[PDB]
Structures are given as C-alpha cells and as structure tokens.
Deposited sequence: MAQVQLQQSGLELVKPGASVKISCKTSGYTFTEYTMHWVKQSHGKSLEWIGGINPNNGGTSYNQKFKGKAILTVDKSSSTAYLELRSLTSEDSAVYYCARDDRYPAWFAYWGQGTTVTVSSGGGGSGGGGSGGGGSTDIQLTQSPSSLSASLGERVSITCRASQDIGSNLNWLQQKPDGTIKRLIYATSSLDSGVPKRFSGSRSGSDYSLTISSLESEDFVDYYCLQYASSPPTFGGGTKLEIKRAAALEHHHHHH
C-alpha cells in the first residue's frame, strides 16, 4: 500500500534550518507531483509548494518563497522540505501529499512532522465551522468558492491524531474504501460534502481543498461534534 512516511519531531532554536523528509513506498515515486502543506496549531491548512520529481519543476506559494525549499532524491524515493531561518511563526505540523493521475490530486498524505521553534488567491469559505449532530443523522458541510474552480475540489477528513485522508476528489468522486454514506456535490459556487447516517468515527474535522488555480487553497475547516 502507498505510504508517505515522514520524519520525526524537529525541536530547534530560532534561526536554525531543518530538512524534513517524506519517504515514500508502495508506488513509483517519480511518477507523481509531491506537495507540502503547513498547519499551524488549531488552524486550517496552507499549501507551501509542489514539485515534479521527474524534472525538479517546483511551484511555490508566494508567501513561502524564501522560507521553504522543495527537493527530491530519486535514488531514495524521498521528497524533502527544507525550512530556512526558523522563527516562532514557523512552529506547526508540515505534511507531504502526493497526487494520483489528474483530477485525483492530493490523493495520499503523510502523517505530518511537527516543527517547534523554541529558545488574487482563491478563498474557500467553509461553513459551518462547527456542527453538533447525533448518530444516524445526515449533515452537509459546504464550501463557497471565491472564484470559479470548476470540478477541482477535494474533501479531506482529519482525525484528532492529525492524520489526513482524502474522502472525495473532483467534487463528487468517492475514494476507494470510503463508506458510501459520504457524498460530494456541486450547485453553483457551493460545493458540499454530505454524510448520511453518521457513525461515531465521523465526528472529526473536515476541509475542502481547491486545485483549480495556484496556489491550491483550503476552507477554514468544520468540526463535527456529537450532540
């Protein structure tokens, strides 16, 4: 099975640089773009950049240029993220994610690496940010796109341990193995994830992610809680 296995805690002093790894197995490393994503504690996600391991072609979110440098090592099937001149605001969890064939981008996710520093973009308005419901209920979570994103919208689920899994890609395509009670749809600018018949393991966090235009951007998240 596909595994993006990320390196361990970086607990480092201000000004230090670190180089985090994402060691892949279970697929051909060179065939697919690899992305990196930041998530500050308690907050939503931000795309840092992506790299084509076949040619080293690399696209950065403008706010991370000068901070993040992406490389790959084909010989070891490992993607790296180097973070330069670290400060407090860099303390966060960093994830790698790899695409599958378009439009199945952002298909598999690393488990995240914590970094602790101690001595024109499209907006997705995600609502509601918190939702209380009971077992067996049906709920919808919605993302409103600030500009047209076509069908390029994914739904991700994040568990309290921080692990991220894609549930839906290309608006309505259900990931293999994901329960059929999850479905994605679009009506106009509103993209929605509907979970029918809630089960207890569903009561976690959810994010939408658009990949129509660079930089990919994320909704602010929805926290699903049992009533």
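Residues 1-2, 122-136, 245-256 of the deposited sequence have no C-alpha coordinates in the structure.
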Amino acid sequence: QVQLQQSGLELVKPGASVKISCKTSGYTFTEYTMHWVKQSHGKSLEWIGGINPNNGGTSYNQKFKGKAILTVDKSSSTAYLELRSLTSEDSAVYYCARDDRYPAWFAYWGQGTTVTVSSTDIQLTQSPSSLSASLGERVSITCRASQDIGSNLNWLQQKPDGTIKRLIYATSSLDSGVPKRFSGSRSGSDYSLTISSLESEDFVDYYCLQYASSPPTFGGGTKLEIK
From here on, numbers count along this sequence of modelled residues.
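The stretch 156-164 shows the higher mean C-alpha B-factor when 156-164 is compared against 61-69 in the entry. Mean C-alpha B-factor is higher over 25-33 than over the other stretch, the pair under comparison being 42-50 and 25-33. Between the residues 102, 95, 80, 108, it is 102 that shows the highest Cα B-factor in the PDB record.
Split the chain's modelled residues into thirds by C-alpha temperature factor. Residue 127 is in the middle one. Sort the chain's modelled residues by C-alpha temperature factor and residue 86 lands in the lowest third, per the entry. Looking at the C-alpha B-factors along this chain, the one for residue 113 belongs to the lowest third.
Among all modelled residues in this chain, the alpha-carbon of residue 209 has a temperature factor (C-alpha) in the lowest third. The PDB entry assigns residue 55 a C-alpha temperature factor belonging to the middle third of its chain's modelled residues.
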